[PDB]
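One chain comes next, on its own, written as structure tokens: the form deposited in one PDB entry.
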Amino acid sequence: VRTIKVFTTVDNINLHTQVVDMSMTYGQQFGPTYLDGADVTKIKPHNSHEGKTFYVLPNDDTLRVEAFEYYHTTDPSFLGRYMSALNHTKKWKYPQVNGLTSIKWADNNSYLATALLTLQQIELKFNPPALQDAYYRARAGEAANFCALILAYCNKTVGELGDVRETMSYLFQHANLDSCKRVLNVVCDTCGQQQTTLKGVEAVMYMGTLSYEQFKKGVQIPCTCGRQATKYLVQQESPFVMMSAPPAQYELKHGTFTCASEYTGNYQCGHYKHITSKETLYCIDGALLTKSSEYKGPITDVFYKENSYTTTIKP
């Protein structure tokens, strides 16, 4: 009966000694098993595996606690989805473009590239240690684990089409936004005024206009009575805001925004690019970079800096 020693893990930090029988597969001994992303479930131990670390599913109470503390999920398939994505993302390339970690286009990943570029330009801290650790590496240029985690947390597989606004929502759900507050007022000439207070992720996201200045002036929305109501920003406390809308031709003016996402094509199929406002307007499309003094395109999301805002509007 021949054996080697290997280590299992769910978090790649806490290791669990195992003595494995070389006549059985990893799967017969551990359940689904992965070696830096590669599925070894149906493989029998090799001598070269001695001393190496394998990921497994959180198959006992110790691992369940370790996995929840590191990832902040109890979705049973999470670890397998992360590993499956990592086996791909470890082969992607992450060029530094204008000082930021981007992603060379592969596997329909333009939505991930513009999300990653965006994160590097807004003040945001993640809650799960897994995203903390992986995001630090991604800033340094080694973004594979971070991208595989985005995919897993968003329930997206490599190659699946994704929406930037939705992806950001998931990332924000795993971020500490508890200092963010938004007060809105909605005014119907028939139905009167309704103030609402939004906290956390809802305090920093709005769907319906790209213009923060228009959101402060008031945007027209439906009311139940059939009139239009006017929605405006009363008060904002956050380090950024994200304004989104269905893609439409829109002019991005240098110095008036932080960065934006552009979507060319239609709902079936298109492509994202990233625009960042620095000393000029830079358009980052994966590995590609172009510049211009002005920019007009089908924009979907625009990010703005903020600290504290209070309206002058008297009601």
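The numbering used is simple: start at 1 and walk along the sequence shown.
Only in words, not in the display: the form deposited with a small molecule bound, which the text now covers.
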| item | value |
| --- | --- |
| Non-hydrogen atom within 4.5 angstroms of the small molecule in the deposited bound form for each of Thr9, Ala38 and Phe54 | no |
| Interface segment, criterion being heavy atoms within 4.5 Å of the small molecule in the deposited bound form, picked from 244 to 252, 45 to 53, 274 to 282, 30 to 38 | 244 to 252 |
| Interface membership of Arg81, the small molecule in the deposited bound form, 4.5 Å heavy atom rule | no |
| Heavy atom of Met207 within 4.5 Å of the small molecule in the deposited bound form | yes |
| Contact label in the deposited bound form: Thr290 to the small molecule, heavy atom within 4.5 Å | no |
| Proximity of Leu161 to the small molecule in the deposited bound form, heavy atoms at 4.5 Å | yes |
